[PDB]
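Read through the structure below, which is laid out as structure tokens, and then see the notes.
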Amino acid sequence: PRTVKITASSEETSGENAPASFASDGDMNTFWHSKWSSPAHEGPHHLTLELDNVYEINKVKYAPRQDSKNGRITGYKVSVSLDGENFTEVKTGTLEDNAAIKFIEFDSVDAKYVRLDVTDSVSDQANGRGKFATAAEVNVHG
Ligand SMILES: CC(=O)N[C@@H]1[C@@H](O)[C@H](O[C@@H]2O[C@H](CO)[C@H](O)[C@H](O)[C@H]2O)[C@@H](CO)O[C@@H]1O
Ligand SMILES: [Ca+2]
């Protein structure tokens with residue numbers, strides 16, 4: 001399944017270069033960051049992959065940002081869509097608070113769009129729970 005594009009609730013291109021599309025390749029040294037520079041978007045955070053076609057998919061891969069825990073996703077909702085407007089929830093859960101590649105698995109389902117809603121996220125800042133969302137890579141498989 002080829003990712004045509006990634007959209008997000010927001011992205012940072014002013015304080016550093018971290019647009020949503022950085023999460024659509026497997027370079028572990030680049031990432032999407034939610035917008036943190038003023039005016040910041042501090043949630044809710046999400047990310048939508050637009051696949052080039054309808055695919056039967058059953059897995060999402062999440063590579064955390066590798067150089068910092070800011071925005072690391074510890075709670076998520078996965079939804080799928082055929083039209084990019086109406087979404088169906090297929091999976092909810094948590095992910096461990098570390099920089100390891102994560103996999104989210106669910107029953108096979110047709111999708112052209114796959115949306116990752118960030119329900120929980122961590123930070124190295126004391127009051128930073130949920131403020132940030134980052135991803136070195138989000139990808140889908142079938
Ligand atoms: C303990 C502490 O406050 N550390 C901070 C880092 O969080 C901070 O890292 C940046 O934080 C912003 C969001 O505020 C983005 O996530 C950015 O990508 C991070 O580099 C740095 C700021 O350089 O400063 C302290 O170390
Ligand atoms: Ca990347």
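A few points about this structure:
- Number of positions in the stretch 112-134 that are small (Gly, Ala, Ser) and either within 16 Å of ligand 2 (Cβ to nearest atom) or under 18 Å from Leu49 (Cβ atoms) (or both): 1
- Tally of residues being touching a residue at least 40 places away in the same chain (Cβ under 8 Å), within 18 Å of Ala23 (Cβ to Cβ), β-branched (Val, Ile, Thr) and buried (at least 16 other Cβ atoms within 10 Å of the Cβ) across the stretch 74-119: 5
- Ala23 satisfies every condition listed in (1) assigned to a loop (DSSP other than H, G, I, E, B); (2) buried (at least 18 other Cβ atoms within 10 Å of the Cβ) except (1).
- All positions within the stretch 13-34 that are within 13 Å of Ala135 (Cα to Cα) and away from ligand 2 (no atom under 14 Å from the Cβ): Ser34
- Considered as a group, the residues in the stretch 46-73 that are of a type in the set (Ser, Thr, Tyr) and crowded, with 20+ Cβ neighbours inside 10 Å include one that is nearest to ligand 2 (Cβ to nearest atom), and that residue is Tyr62.
- Residue selection: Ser10 satisfies the criterion of being more than 13 Å from ligand 2 (Cβ to nearest atom) and surrounded by 15 or more Cβ atoms within 10 Å (Cβ to Cβ).
- Remark: pairs (first residue in the stretch 25-46, of a type in the set (A, V, I, L, M); second residue within 14 Å of ligand 1 (Cβ to nearest atom) and in a loop (DSSP other than H, G, I, E, B); Cβ separation under 7 Å; 6+ apart in sequence or on different chains) = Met28/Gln66; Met28/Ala136.
- Residue list for the stretch 30-42, filter: of a type outside the set (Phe, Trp, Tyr) and either within 13 Å of ligand 1 (Cβ to nearest atom) or buried (at least 21 other Cβ atoms within 10 Å of the Cβ) (or both): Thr30, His33, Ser34, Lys35, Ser37, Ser38, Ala40, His41, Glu42
- Residue among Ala40, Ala20 that is more than 22 Å from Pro1 (Cα to Cα) and either in contact with a strand residue (DSSP E or B) (Cβ under 8 Å, 6 or more places away or on another chain) or not β-branched (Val, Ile, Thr) (or both): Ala40
- Residue in the stretch 68-91 that is under 20 Å from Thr30 (Cα atoms), assigned to a strand (DSSP E or B) and not hydroxyl-bearing (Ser, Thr, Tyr) present: yes
- Selected residue (only one of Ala23, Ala63 is under 18 Å from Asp120 (Cα atoms) and within 10 Å of the chain's Cα centre (by Cα)): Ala63
Positions of Cβ are backbone-derived with ideal geometry, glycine not excepted, and every protein chain shown enters the neighbour counts. Bear in mind these aren't lab numbers, they're just calculated from the coordinates by the rules spelled out.
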